[PDB]
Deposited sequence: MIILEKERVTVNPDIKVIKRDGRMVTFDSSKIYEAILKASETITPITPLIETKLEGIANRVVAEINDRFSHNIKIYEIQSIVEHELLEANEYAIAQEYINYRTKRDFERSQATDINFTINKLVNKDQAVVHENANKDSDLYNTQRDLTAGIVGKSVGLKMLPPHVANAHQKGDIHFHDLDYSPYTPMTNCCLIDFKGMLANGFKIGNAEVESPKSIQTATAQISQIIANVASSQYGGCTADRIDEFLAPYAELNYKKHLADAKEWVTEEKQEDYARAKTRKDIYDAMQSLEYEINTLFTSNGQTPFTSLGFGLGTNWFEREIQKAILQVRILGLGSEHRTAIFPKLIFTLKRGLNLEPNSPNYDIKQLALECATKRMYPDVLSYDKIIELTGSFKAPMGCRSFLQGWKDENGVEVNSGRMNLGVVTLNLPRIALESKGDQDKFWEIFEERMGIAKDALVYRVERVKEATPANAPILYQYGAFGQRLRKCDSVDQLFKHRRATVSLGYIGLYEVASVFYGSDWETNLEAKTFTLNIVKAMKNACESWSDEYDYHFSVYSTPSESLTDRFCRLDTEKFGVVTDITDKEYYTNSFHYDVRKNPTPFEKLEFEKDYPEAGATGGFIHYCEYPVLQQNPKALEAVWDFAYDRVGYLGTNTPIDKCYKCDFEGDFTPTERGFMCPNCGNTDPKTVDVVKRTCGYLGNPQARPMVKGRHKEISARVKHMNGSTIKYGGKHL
């Protein structure tokens, strides 16, 4: 290892952190450290070490290290941190021997957190430029008042990187049943109907990879155990015919049964791994959901079991938690909910999986039907289609899509209200009109698409009906077949402005938040009659919005107590994550909001401790939730550090998450899984924005218990 020559002459040992901490001090003079800046600095620090060993062999001087640090800062295009580092380092060199320049424009004086030349994948880097062009051109395509409201922060026009630059749609339920049945053309090949479940799960992932790049939202395989089971019956028939030729007569049925079991497991094992190797143009994996649970026969049951035990096993030899696809298990009274039900053994398997992998989320078969008019898994994260029938009276769920999302900054309306609820509704009506204009423009823009733009969607069965190149894409959107999302956020903050930080026990406060949801549902019903598309109230995931709205409102209104001071906004109608109600009180409080009109999109979370050796505690919440809420997710500490074998809940810091036992943050040797919003995420692999990270750090547990499964060893 190379030694370092100090300025006085003595030789010290190469301490790599002296480079990082130097760069850190220069960055902190511009803006406080964040998880995103942390990985940016660590990547730049690695390049410095690389250049040092590439340009020097036995020793290196201090000023030689300084010239590499400044050189690598300019090679990474970090002009703001470089200007600070160079001026300070130069000032100290002049002082030891006895500002220097200004060369950065207003837009380069800020640290760009989502752009790391030394850390990002190539396709991530090039797609970044496509998104900048797309957003810039897209802002001029919008109606100017809609574009102005987005820029100010009154509303949020979602997915500007993709829409309206392209007439892309949002999310959808892929009609896998129709596609796999008749075959389809994908890429250069036009495959035929699969003759086994292995070929079927292979075609599914290839369909997902294609759908993921024809739309800016997620996609779901609804009732996968049911449409996959016929292809697993082909496997049984195969193995049964093979048993006639080779196997003893007394063993032919056990042979075909045992081989088909392994085939089903291998097919779902392939679906798990292949989805985790797929990626869109930005380098990130596709946002995918698998829904299952309503199958009853042996093949449908085995597919359910194989999905869960694959997720339980984990990815690779380290058995890491699979973040994608999202698994959604359907609970149904009489099928798997009661201990006497035939599929109850699968419910106990899904309970084991949720205590080890957080997934699966659970749907209430009946409550979903009541809230949304029919049963289906949510499109992507949490978007629900409403009950809809075709011209022949046939119920149609899979094959339907969402056309776009626009979200209202509700806390802003409360902060502009100055404690006057009459002024709140006055501003609320104005903001609703802007959102209506934005949503109508989205519908017009998506209708300008052509079947040739996304053949997998419009021509080969993903949207249910196959169109010709001459047909209009609106044929699959009109008559309320497609949905349009009117989003919102921060009902807690809206109530805190008028009723204080402990309004949850105030009925008049609760009524206010419920009347806001009903008002949005009322307008959506009116818009749905005006334009004959299904507008619905959507509980927007706070993955990026919680930071953007809180950041823009802090500039406009300052540090408002309980609102902007915490640096995040509470998601939709959710309970204040800082308070600690029981999971039973939480679901009883929140259940009123989807019933009031928030049915276009919704979810419920609960924070548990380590539940791996206590699944019945989780089962009491699922059973309690069946009659009250439709979509329930389970959060439980399932992190793991592979340096000291610690398992539990990592301690959040200003830079991300570190091991509570040894302080390890290296994502190569830690498995940190947190619920971003609906989906799970790896905050050590892809760090979240500061606001999203603050909201995650503010979450308290809802039932007592230990957040440590394995304490770890002393290193």
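Trainee: Lining up the deposited sequence with the coordinates, I want the ranges that have no C-alpha atoms.
Mentor: The deposited sequence has unmodelled segments at 1 to 13, 112 to 117.
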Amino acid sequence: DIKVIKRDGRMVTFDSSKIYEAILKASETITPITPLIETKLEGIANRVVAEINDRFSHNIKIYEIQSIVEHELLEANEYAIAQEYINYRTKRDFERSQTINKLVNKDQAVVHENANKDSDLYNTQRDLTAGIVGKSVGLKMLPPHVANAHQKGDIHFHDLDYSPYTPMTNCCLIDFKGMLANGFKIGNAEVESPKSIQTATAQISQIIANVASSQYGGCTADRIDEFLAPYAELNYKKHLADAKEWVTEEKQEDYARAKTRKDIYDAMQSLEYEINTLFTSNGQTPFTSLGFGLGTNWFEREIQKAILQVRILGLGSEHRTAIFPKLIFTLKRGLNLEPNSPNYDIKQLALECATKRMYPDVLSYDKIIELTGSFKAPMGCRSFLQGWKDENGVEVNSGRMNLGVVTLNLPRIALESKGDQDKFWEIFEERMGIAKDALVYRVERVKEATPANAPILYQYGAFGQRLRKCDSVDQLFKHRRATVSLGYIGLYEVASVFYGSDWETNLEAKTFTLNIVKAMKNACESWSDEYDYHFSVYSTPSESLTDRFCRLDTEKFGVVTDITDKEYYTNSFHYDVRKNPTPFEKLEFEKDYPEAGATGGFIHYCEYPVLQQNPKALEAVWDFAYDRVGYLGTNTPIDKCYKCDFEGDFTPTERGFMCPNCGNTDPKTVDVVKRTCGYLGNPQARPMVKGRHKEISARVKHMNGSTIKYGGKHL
From here on, numbers count along this sequence of modelled residues.
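Trainee: Test of understanding: from the entry's C-alpha B-factors, which stretch has the higher mean, 559 to 567 or 394 to 402?
Mentor: On average, C-alpha B-factors are higher across 559 to 567.
Trainee: Quick one: higher average CA temperature factor, 638 to 646 or 494 to 502?
Mentor: Stretch with the greater average CA B-factor: 638 to 646.
Trainee: I'd like to know which of 386, 101, 169, 465 has the highest C-alpha temperature factor in the PDB entry.
Mentor: Each of 386, 101, 169, 465 was compared by C-alpha B-factor; the highest is 101.
Trainee: Of the choices 123, 317, 511, 483, which one's C-alpha carries the largest B-factor in the record?
Mentor: That would be 317.
Trainee: By its CA B factor, does residue 287 count among the lowest, middle or highest third of the modelled residues in the chain?
Mentor: Tercile = highest for this residue's CA B-factor.
Trainee: Lowest, middle or highest third of the chain for the C-alpha temperature factor of residue 620?
Mentor: As the PDB entry reports it, the C-alpha B-factor of residue 620 lands in the middle third of its chain.
Trainee: For residue 265, return the chain-relative third of its C-alpha B-factor as stated in the PDB record: lowest, middle or highest.
Mentor: Its C-alpha B-factor, which the entry lists for residue 265, ranks in the lowest third among residues of this chain.
Trainee: Name the third of the chain's ranked CA B-factors that contains residue 573, choosing lowest, middle or highest.
Mentor: As the PDB entry reports it, the C-alpha B-factor of residue 573 lands in the middle third of its chain.
Trainee: Ordered by C-alpha B-factor within the chain, which third holds residue 189? Give me lowest, middle or highest, please.
Mentor: It falls in the top third of the chain.
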